[PDB]
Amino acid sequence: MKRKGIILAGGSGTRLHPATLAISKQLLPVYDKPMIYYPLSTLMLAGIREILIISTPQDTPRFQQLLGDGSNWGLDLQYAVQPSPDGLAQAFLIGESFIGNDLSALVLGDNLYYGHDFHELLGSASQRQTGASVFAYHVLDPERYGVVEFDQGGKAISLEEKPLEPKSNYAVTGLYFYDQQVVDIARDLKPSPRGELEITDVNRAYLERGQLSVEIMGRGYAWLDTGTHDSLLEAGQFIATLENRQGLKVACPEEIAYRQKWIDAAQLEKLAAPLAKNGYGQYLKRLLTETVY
């Protein structure tokens, strides 16, 4: 079966104000491209082409000016609104229609992943047609996240959203794969105390049925989020140092669509033209004549 993708890019701007008074978080660039390009690329890497972008009323159209219908890139992009930041799990209600009876995946708009064989990392959750899959990453500050505890032999046994007393240092990252059950599970949720329809609650509903797979995203991968002013800067220096060392870009959607045969040489050259004066255009052009392994 076919899997559809959602990017949740909405949310409170009150935190990063006044920095984000003119531009919301996921519309800011990370080094040399819009934040949203990173998670989008994530979904492309997992082989997903039909993607729903959920944002604030005010931001939806911006994302549409930026990305279009996605046909330029071999994608089918649609848009929906989150009237109010009332929980990541609402994504499934906003998207019920878009999901239909298909499998799905959700990624958070400010989640930036980097590393080797992200294809094989995703591939495996991608292929599971029953149940749900999530990824755990070792962090310094687990209490800011959904936290997954494991027993002595490695199996996940508990989940807790932002525990005052975390049971482990493994955070659940902002990338989740679901089967056809997810929308009915979300339907039944009641808001937590902190006023939110919790993605941790969905994931636990699968876990309590023995249907939650928890994969380790190893320390050789970099999972960054653009939470704060200090974190955005580190994410920018991190992308800059890789890009400048390699002369290759991270998370360039045009490149990915081309590597995946979603667009052809000819399509890519058309994308390159209007960018020809700058480095991003120059990059795309180099890609039609260079083999990159």
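By rigid core we mean the largest C-alpha set that fits within 1.5 Å across both forms. All residue numbers refer to positions in the sequence shown, first residue = 1.
In 8 other deposited structures of this protein, rigid core aligned: more displaced of 206-214 and 190-198 by C-alpha RMS: Farther from the shown form on average in 8 other deposited structures of this protein: 190-198.
Stretch with greater C-alpha deviation in 8 other deposited structures of this protein, 171-179 versus 114-122 (rigid core superposition): So, of the two stretches, the farther one in 8 other deposited structures of this protein is 114-122.
Check the entry's C-alpha temperature factors for 119-127 and 101-109, then say which stretch has the higher mean. Looking at the recorded C-alpha B-factors, 119-127 comes out higher on average.
Determine, for stretches 274-282 and 9-17, which one has the higher mean CA B-factor as deposited. Between 9-17 and 274-282, it is 9-17 that shows the higher mean C-alpha B-factor.
Can you tell me which of 78, 158, 211, 84 has the highest Cα temperature factor in the record? Result of the comparison over 78, 158, 211, 84: 84.
Whose C-alpha has the highest temperature factor in the PDB entry: 218, 191, 166, 174? When the deposited C-alpha B-factors of 218, 191, 166, 174 are compared, 191 is largest.
Going by what the PDB entry lists, where does residue 196 fall on CA B-factor within its chain: lowest, middle or highest third? According to the entry, residue 196 has a C-alpha B-factor in the chain's highest third.
Looking at the temperature factor on the CA atom of residue 67, which third of the chain's modelled residues does it land in? According to the entry, residue 67 has a C-alpha B-factor in the chain's middle third.
Residue 34 by Cα B-factor - lowest, middle or highest third of the modelled chain: For residue 34, the deposited C-alpha B-factor lands in the middle third.
Record-listed C-alpha B factor of residue 180: chain third: Its C-alpha B-factor, which the entry lists for residue 180, ranks in the middle third among residues of this chain.
Modelled-residue ranking by C-alpha temperature factor, third containing residue 243: Answer is lowest: the recorded C-alpha B-factor places it there.
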